[PDB]
């Protein structure tokens, strides 16, 4: 009952992006430029359906360099993953939560079953624990 590394996530649908700058409540550890990616099953839930088992959402976080008032993507810091499985991850609302340092499969960041990730996402119970909304 470990969350699987989402191989190939960079080929998935780009949901949205956001920049979190120093001073933001989530700066540690989510400071930087992040991109949200969704597999096919996750798109189904984002469009108004139920999230099927097998849905995966990825929070892809980069550092940025500020250069003459442009923010430029630097190195990947981590990915956060949410993997849908109603049965296996019922303790955390049907989603398994994991982080991978530098986006590497052997650098697992979560040490508490995903409880700390879940505690913040629980605020989005009404939208099946997902913050991100589909835009055009």
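Residue numbers count along the first chain shown, from 1.
*Asks:* For the higher mean C-alpha B factor in the entry, choose 121-129 or 15-23.
*Replies:* That would be 121-129.
*Asks:* Of the two stretches 34-42 and 47-55, which shows the higher Cα B-factor on average in the entry?
*Replies:* Comparing 34-42 with 47-55, the higher average CA B-factor belongs to 47-55.
*Asks:* If you check the C-alpha B-factor for each of 82, 78, 71, 86 in the entry, which is highest?
*Replies:* In the PDB entry, the greatest C-alpha B-factor among 82, 78, 71, 86 is found at 86.
*Asks:* Quick check on the deposited entry: does the C-alpha B-factor of residue 29 sit in the lowest, middle or highest third of its chain?
*Replies:* Residue 29: CA B-factor falls in the highest third of its chain.
*Asks:* Per the entry's values, where does residue 93 land by CA temperature factor relative to the rest of its chain, in the lowest, middle or highest third?
*Replies:* According to the entry, residue 93 has a C-alpha B-factor in the chain's highest third.
*Asks:* Quick check for you: using the entry's CA B-factors within this chain, is residue 106 in the lowest, middle or highest third?
*Replies:* Highest third, going by the recorded CA B-factors of the chain.
*Asks:* Consider only the C-alpha atoms of the modelled residues in this chain, order them by B-factor as the entry records it, and name the third containing residue 67: lowest, middle or highest.
*Replies:* CA B-factor rank for residue 67: highest third.
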